[PDB]
Amino acid sequence: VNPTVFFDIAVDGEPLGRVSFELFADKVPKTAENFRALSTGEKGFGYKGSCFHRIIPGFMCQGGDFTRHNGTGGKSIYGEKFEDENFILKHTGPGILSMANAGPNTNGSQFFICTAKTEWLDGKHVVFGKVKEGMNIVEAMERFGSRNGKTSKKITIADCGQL
Ligand SMILES: CO[C@@H]1CC/C=C/c2cccc(c2)COC(=O)[C@@H]2CCCN(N2)C(=O)[C@H](Cc2cccc(O)c2)NC(=O)[C@H](C(C)C)NC(=O)[C@@H]1C
């Protein structure tokens, strides 16, 4: 019953590969549904065409700002921001999909994909999914990141949707 969604990733407009995610709707249904609907674009806005604006090798890849395209924006399907649903799941290792935020109860659309166990984020960021297929594509994305997170090529979600 857990949905699966995909991102087709491009590097300076050339196809890199597809990352697929399981969304844990069984444990964080509101948060999973936000990400699912933003991936299909069914509300008329969402992840398609947006970029990964911060990639820090050995840490995580962050994206999801489709409103300002400068790291500060994005919005949820629930208006603007929404509350932290729960912190049942933890940042246990590579592939974990979690909500970016600016403190408590500020979930919008920005998210990050962990490439390592990041337990200092537990209880601060809502974990809601995991990479299902295409972790090798996330590893390739890291090669375009840097210590401070600026990317050396434009890393975009060329297409996305639900499987
Ligand atoms: C541009 O926005 C501002 C952020 C300023 C810069 C943060 C920064 C720069 C370089 C490396 C790192 C963080 C390392 O940590 C991450 O990479 C973490 C990893 C988990 C996901 N994540 N970033 C986030 O969720 C970060 C967590 C954060 C905020 C503030 C400072 C900080 O050190 C880390 N939050 C944000 O990016 C939110 C955004 C979702 C609307 N923006 C904001 O709070 C501000 C308005």
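Q: Quick question: what am I supposed to make of empty space enclosed by the protein here?
A: The probe, sized like a water molecule, is rolled over the atoms to show the empty space still left. Summed over all chains, the structure comprises one cavity of 30 Å³ or more. Reported here for the largest cavity is a volume of approximately 30 Å³. When grouped by side-chain class, the residues that make up the lining of the largest cavity number one nonpolar, four polar and one charged.

Q: When you look at the site of the ligand in this model, what are you seeing that I'm missing?
A: Taken together, 14 residues are adjacent to the ligand, and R54, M60, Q62, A100 and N101 come closest. A distance of 3.0 Å is found between a nitrogen atom of the ligand and a side-chain nitrogen or oxygen belonging to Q62. Here a nitrogen atom of the ligand sits 2.8 Å away from a polar atom, N or O, in the main chain of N101. Protein chains bury 58% of the 760 Å² of accessible surface belonging to the ligand in isolation. Of all the secondary-structure elements, those providing two or more residues to the shell around the ligand are strand 3 (52-56) and strand 4 (60-63). Grouping the amino acids of the shell around the ligand by side-chain chemistry returns six nonpolar, seven polar and one charged.

Q: Is there a simple way to explain the packing of aromatic side chains in this structure?
A: Each pair of aromatic rings is reported with the distance of its centres and the angle of its planes. The full count for this structure, using the stated rule, is 14 aromatic pairs. Ring geometry for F52 and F111: centres 5.6 Å apart, planes at 85°, overall edge-to-face. Linking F52 in strand 3 with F111 in strand 6 (residues 111-114), this pair joins segments that are 59 residues apart in sequence. Of the two residues, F52 and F111, neither departs from the other in class, the shared state being buried. One aromatic cluster is present, built from ring pairs that chain together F7, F21, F35, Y47, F52, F111 and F128. One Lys or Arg, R18, reaches over the ring of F6 and ends 3.9 Å from the middle of that ring. Across the ring face of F45, the terminal group of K75 is positioned such that the distance to the ring centre comes to 4.4 Å.

Definitions and limits used
- Residues numbered from 1 in each chain as written, not as in the entry; some residues may be left out.
- Heavy atoms only, no water.
- 1 Å grid on protein atoms, 1.4 Å probe; cavity = no way out; pocket = protein on both sides within 12 Å on 5 of 7 lines; lining within 4 Å.
- Points joined across faces, edges and corners; volume = space filled by probe spheres on them.
- Nonpolar A, V, L, I, M, F, W, Y, C, P; charged D, E, K, R; others polar.
- Near = heavy atom within 4 Å.
- Polar contact = N/O pair within 3.5 Å; in protein donor to acceptor, adjacent residues only side chain to side chain.
- Areas by Shrake-Rupley, 256 points an atom, 1.4 Å probe, with all protein chains shown as cover.
- Helix = DSSP H or I, 4+ residues; strand = E, 2+ residues; numbered from the N terminus.
- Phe/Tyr/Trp six-rings, centres within 6.5 Å; stacked < 30°, edge-to-face > 60°.
- Buried < 20%, exposed > 50% of the residue type's maximum accessible area, 1.4 Å probe, protein only.
- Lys NZ or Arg CZ within 6 Å of the ring centre and 35° of its normal.

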